[PDB]
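# Coordinate inspection notes
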Amino acid sequence: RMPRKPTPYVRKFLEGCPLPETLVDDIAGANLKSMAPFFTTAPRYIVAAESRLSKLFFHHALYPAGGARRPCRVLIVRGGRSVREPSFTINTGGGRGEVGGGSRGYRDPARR
Amino acid sequence: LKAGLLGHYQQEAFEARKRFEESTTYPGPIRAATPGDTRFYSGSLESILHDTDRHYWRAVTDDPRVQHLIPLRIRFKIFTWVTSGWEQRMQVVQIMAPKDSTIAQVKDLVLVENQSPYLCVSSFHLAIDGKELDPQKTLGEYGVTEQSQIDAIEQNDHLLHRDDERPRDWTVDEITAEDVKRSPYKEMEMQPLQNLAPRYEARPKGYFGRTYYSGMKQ
Amino acid sequence: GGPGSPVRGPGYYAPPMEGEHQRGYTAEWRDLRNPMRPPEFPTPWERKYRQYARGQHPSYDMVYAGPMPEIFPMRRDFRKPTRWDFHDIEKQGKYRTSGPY
Amino acid sequence: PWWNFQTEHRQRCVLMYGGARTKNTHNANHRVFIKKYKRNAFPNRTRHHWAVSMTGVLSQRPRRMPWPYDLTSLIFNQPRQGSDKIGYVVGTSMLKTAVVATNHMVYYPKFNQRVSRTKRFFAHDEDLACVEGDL
Amino acid sequence: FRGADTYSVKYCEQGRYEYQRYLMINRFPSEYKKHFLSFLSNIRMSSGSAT
RNA sequence: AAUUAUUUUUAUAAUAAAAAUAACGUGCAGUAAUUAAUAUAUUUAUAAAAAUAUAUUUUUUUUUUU
RNA sequence: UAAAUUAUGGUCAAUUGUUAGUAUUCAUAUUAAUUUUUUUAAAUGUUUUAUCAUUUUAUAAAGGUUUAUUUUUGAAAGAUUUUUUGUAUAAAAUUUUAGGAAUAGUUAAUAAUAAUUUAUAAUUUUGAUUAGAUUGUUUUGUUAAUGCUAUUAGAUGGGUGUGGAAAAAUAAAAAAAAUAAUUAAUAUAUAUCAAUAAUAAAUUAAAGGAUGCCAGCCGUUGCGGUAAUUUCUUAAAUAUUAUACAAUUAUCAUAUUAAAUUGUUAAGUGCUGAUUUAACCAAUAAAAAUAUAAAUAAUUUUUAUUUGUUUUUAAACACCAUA
């Protein structure tokens, strides 16, 4: 149980209006439940959020759940460009070990 | 019930007990009966496995578990291999047969202490100085005692029909210890039990800590 | 008191009690606030402590060290959070302000 | 000094809950009862509720509690409260079963009273040896 | 608060275990059997391994 | 010229909103030359009233005193 | 009816402040206040593994309503071993309601796991069932007070049958199988951005207002009187009643008995009460244990007044004009 301060009046039960997770997923491009009934030729805008876009979700963005034959659309992803450091092998230490660098997509914006 | 009358009832009970001890005056030497067992143990129910059929601590051994038995020796014709070959020799088995047992029962008992895989393998018959014994004759009717030379002549049949359905340790109490590797008369029955673990008390009752004021007894 | 409490009867008066209960409540139960004798030991070792079991401490000329009471302003509660008081569990709790002074 | 049993209880609470003994809860809260039904049409057939009903098992007034000093505790030592009782066989309509009416005592400090209550128990007699009226 | 408070000398001059009063603890016969068997098993526990 | 301390009603093969009421009897109240009091019940439209029936009670000395 | 015995031959006291503990202010305390502060904006990195898998990681909230419980040995602790044998399931006892009554997948017995059976079953006026309120809770507050008052430890039969155990959709962190780190106030927000609102959730430091009124010889010309004048500039609730003086809602209700009541089959009388403090006969006066014993009692009755019953139906008398 959780503490609750007693009150001689009636208690209000708010149900709330949060931002729909479905909308956040749709704009982020990571909605795997949406089925568009009609295929169209019009650019689709998606805003990358904390590197939540990946090959898995982008494949569905290319081939929507409605059942498609081709990536017949333009796909704008605001942000989402990554930069990859070079990789090199540390021979020192206990043994040979790769260091792959990494992708600073969300961590380094394009313009401050 | 009103407790105030307890003293008066105590006086009345004292006087009644004195009148009883004084008037009838018919005590006497009466055989005590075995106390049997009770179904009303306290606590929660017990499972089938542990229903050993005694629910109290009885430190005595009553008559029904006590048996009158005689230590008979049964001789066997065995052959040993000496440098020449197959010298005849004699083998004995200790049997504790009840005084009232029949010769067939004694034979069946001997079947049960024959741990040796070589001794009791073919059908045999018991005999006294050659004279075969009637398998439905009581020991007392033959007069056999422990100082009685009795032999087991093994007829060269095979496939001796056995029934291990009767546990080697079967008393009226109907205990069934799974291990039948030794007879009850041979088992010491008092030895340290390693198949267990001693457990200390890890649940404090009332006292848990810094100061033992009263110990929260109960 | 019930399960954990050692108290067996009300402090001062109770309903009528009978037999061993009356005997215990009247005489035999532990009375820990007694100022003349402490609770009484079993039979073989009460006799040999009979002459140690009187009074509280043999000196009746005790010179009170320590702080003097404050009579104005009179405080109601002395409860402060403390870091090194190992007797705080007892320093808490209402107690009767009745003593020699 | 000598401490109460309240000090021992507070020590136990502090040890188990880590210093959590109380909260100094507000005591003078002004409650109000709001009537919903009609003046003489409460929806029940036996007890009608029109005030603030407090729902304490040991927190109702006038105070009452078990009184462990009665005939049973007076007449034989018990391994545990209520383990051994003395009563009167009241009904034997069930096979191998006796209904025994037993009494105990409740204590009311406010009135310094010792009122005797009654309780009914299904007992077991396998050989049908108990007749109504047996102690 | 009770800064200077003392106790009887019986408390400091009592021997050890003088205060224990003899009370007869009562328990069911089933409890007696259970506890006696448990104590016998604990006594008979074989040493060497952990005992 | 003396003595006086809240509730009611209502709906259709459509199913709660409309109405009304309430708030001690108490105004310009009851025939005062003035008509025994008190209780309980029955009746009558003068009803905050009256009548009838029963019961009790009210005496200030010259009837009675276990 | 015991009758006043002569040693008065021993006086010279008390106080030295040293304690066997509920103590009472009807108005001071006690609360929301005179002194109330302080912050809080969600969107989230547990881990190791043989790798599309497997091993370790069992009580978040709101809602719904709450008996008064719980040592799965079974996992771990944990060892010279070995069991999923190391007795966890039970009981006693304490609840509320201004208009107080019925309850039921029902009780016991059983060669019945998994009840085709048998019984005069079971709960309840000693207050049940349902409904309403509703976690419990010597911890709070108050008092001279066995009085009043207050409260948050928890728990959770259809979401996987997995697991030793469902406690499983959230996690101020109890360190989680290599010493990650171990003299640090960190227990950080600083896991800093992002739709979103202070509605809401938590917490008590001591590094000048009110406020109008009026016929102008009279059309809806919209003049004035008028810069209109008066009311506004510690208390309420109270704990402590733990007692009810008192009577005009009272809140209801044991029948007042040997001097009394009843009489048909029993007495007496025109209804015994005009006279008279007195009334023949029959029935009826006591009769278990126990005074401490905390139910030791019954649940019925009506002598008074009205009203019915009916009432060729009282003759009357008195009321009406039946009773």
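Per the conventions used, each chain is numbered from 1 along its written sequence, independently of whether this matches the entry, and residues without coordinates are not displayed. Chain labels run from A onward and ligand labels from 1 onward, assigned in the order the entries are written. Scope of values: the displayed chains only, which are part of a larger assembly. As a convention, hydrogens and water are excluded, and side-chain values are obtained from all of the structure's heavy atoms. Residues with missing side-chain atoms are left out of burial classes, side-chain pairs and their counts.

In the PDB archive, cryo-EM is given as the structure determination method for this entry, at a resolution of 3.3 Å.

Turning next to a positive patch on the surface. Patches here are clusters of residues that have more than 30% relative accessible area and form no salt bridge, with a 9 Å joining cutoff for like charges and a 5 Å cutoff for nonpolar side chains (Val, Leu, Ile, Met, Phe, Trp, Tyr). The protein chains shown are the only cover counted for residues, whose accessible areas, like all others here, come from Shrake-Rupley with a 1.4 Å probe. By convention in these notes, a salt bridge is any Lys or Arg side-chain nitrogen within 4 Å of a carboxyl oxygen on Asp or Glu. All tallies of charge rest on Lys and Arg as positive and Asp and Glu as negative; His and the ends of each chain are not included. Every charge is mapped to an atom, namely NZ of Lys, CZ of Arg, CG of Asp or CD of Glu. Residues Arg47, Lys48, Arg50 and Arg54 of chain C make up a contiguous surface patch of positive charge. Here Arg47 of chain C is to be found in the loop between α2 (43-46) and α3 (88-91). Numbering of helices and strands runs from the N terminus; a helix is a DSSP stretch of H or I covering at least four residues, while a strand is a stretch of E covering at least two.

So, about empty space enclosed by the protein. For each structure, a 1 Å grid was placed over the protein atoms alone; sets of points admitting a 1.4 Å probe that cannot get out are labelled cavities, open sets with protein on both sides within 12 Å along at least five of seven lines are labelled pockets, and lining residues have an atom within 4 Å of a point. Grid points are joined across faces, edges and corners, and a volume is the space filled by probe spheres set on the points. Approximately 110 Å³ is the volume attributed to the largest cavity. Each residue gets one of three labels, nonpolar for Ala, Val, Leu, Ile, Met, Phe, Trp, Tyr, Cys and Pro, charged for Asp, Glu, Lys and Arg, and polar for the others, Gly among them. Its residues placed into classes, the lining of the largest cavity shows six nonpolar, five polar and two charged. Within this model, the second largest cavity holds a volume of roughly 60 Å³. What lines the second largest cavity is simply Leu1 of chain B together with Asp70, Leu71, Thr72, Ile86, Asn103, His104, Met105 and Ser116 of chain D.

Next up on the list: the protein's contact with RNA strand F. All names here are of chain D. Each residue is tested against the molecule or strand, and it is near if at least one of its non-hydrogen atoms lies within 4 Å. Around RNA strand F, the structure places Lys35, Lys38 and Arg39. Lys35 places a polar side-chain atom, nitrogen or oxygen, 2.5 Å from a phosphate oxygen of RNA strand F. In protein, a polar contact requires one atom able to donate a hydrogen and another able to accept it; more generally it is a pair of N or O atoms within 3.5 Å, and residues adjacent in sequence count only if both atoms are side-chain atoms. Here a phosphate oxygen of RNA strand F and a backbone polar atom of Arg39 are 3.5 Å apart.

So, on to the packing of aromatic side chains. Two rings belonging to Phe, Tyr or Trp (six-membered ring only in the last case) form a pair when the distance between their centres is within 6.5 Å. Interplanar angles under 30 degrees mark stacking, angles over 60 mark edge-to-face geometry, and anything in between is tilted. Applying the stated criterion across every chain yields a total of 16 aromatic pairs over all chains. Seen in terms of ring centroids, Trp81 of chain B and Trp86 of chain B are 5.2 Å apart; in terms of plane orientation they differ by 80°. Their pairing is edge-to-face. Here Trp81 of chain B matches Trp86 of chain B in class, with each residue exposed. A centroid spacing of 5.6 Å and a plane angle of 35° characterise the contact between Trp29 of chain C and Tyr69 of chain D, whose relative ring orientation is tilted. On the criterion of chain membership, the pair formed by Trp29 of chain C in the loop between α1 (19-28) and α2 and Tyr69 of chain D in the loop between β1 (65-66) and α2 (71-75) is interchain, its members lying in two chains. When a residue's accessible area, from a 1.4 Å probe over protein chains only, is under 20% of the maximum for its type it is buried; when over 50% it is exposed; and in between it is partly exposed. Residue classification places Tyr69 of chain D among the buried residues on the basis of a relative accessible area of 10%. Each residue in the set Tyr25 and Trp29 of chain C together with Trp67, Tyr69 and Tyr107 of chain D is aromatic and connected to the rest through ring pairs, giving one cluster. As a reminder, the over-ring test applies to NZ of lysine and CZ of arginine, requiring each to be within 6 Å of the ring centre and within 35 degrees of the ring normal. The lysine or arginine in question, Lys119 of chain D, covers the ring of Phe121 of chain D, its NZ or CZ lying 4.7 Å from the ring centre. A cation over a ring is seen here: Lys10 of chain E above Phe41 of chain C, with NZ or CZ 4.3 Å from the ring centre.

You won't find any contact between chain A and chain B; their C-alpha atoms come no closer than 26 Å. Note on contacts: a residue pair is in contact if any heavy atoms of the two residues lie within 4.5 Å. As for chain C relative to chain A, no contact occurs, and the smallest C-alpha gap between them is 24 Å.

Surrounding RNA strand G, one finds 95 residues, the nearest of these being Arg11 of chain A, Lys94 of chain C together with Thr46, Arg61 and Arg80 of chain D. A distance of 2.5 Å separates a base oxygen of RNA strand G from a polar side-chain atom of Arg63 of chain D. By residue number, the principal contributor to the surface near RNA strand G is strand β4 (residues 113-123) of chain D, which donates eight residues. Across the surface near RNA strand G, the residue classes break down as 37 nonpolar, 31 polar and 27 charged.

What follows covers the interface of chain C and chain D. The interface of chain C with chain D comprises 23 residues on the first partner and 18 residues on the second. Here chain C meets chain D over a buried area of about 1,900 Å², counting both sides, of which 62% is carbon and sulfur. For the pair chain C and chain D, the number of links is zero salt bridges. Where chain C touches chain D, the interface holds six residue pairs in polar contact. Of all the secondary structure elements, the ones that give two or more residues to the side of chain C that touches chain D are α1 and α3 of chain C. Accessible area that two parts lose when put together, evaluated with a 1.4 Å probe and summed over both, is termed the buried area.

So, about the pairing of strand β2 (residues 75-78) of chain A. Residue and element names in this part refer to chain A. The rule for pairing is simple: two strands pair if DSSP sees at least two bridges between them. Of the strand pairs in this sheet, strand β1 (residues 44-47) and β2 are connected by four bridges, and their pairing is parallel. The partner of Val47 across the bridge, within β2, is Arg78. Whether a crossover is right-handed comes down to one check: with the strands pointing away from the viewer, does the path from the first strand over the helix to the second run clockwise; if it does, it is right-handed. Once you follow β1 into helix α2 (residues 55-62) and on to β2, the crossover reads as right-handed.

Next up on the list: the nonpolar core. Residues and elements named next belong to chain B. Counting residues in hydrophobic clusters, the biggest one holds 22 residues, and the most contacted among them are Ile74, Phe76, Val106, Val110, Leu126 and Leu139. Breaking this core down by element, the ones donating at least two residues are β1 (69-80), β2 (87-98), α2 (103-113), β3 (124-128) and β5 (150-154). If one sorts the elements of this core by residue count, β1 sits on top with five residues. Residues in contact with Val110, not counting those within four places in the same chain, are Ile74, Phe76, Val93, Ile95 and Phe124. Buried residues of nine kinds, namely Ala, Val, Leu, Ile, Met, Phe, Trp, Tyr and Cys, make up a nonpolar core once their side-chain atoms join them within 4.5 Å.

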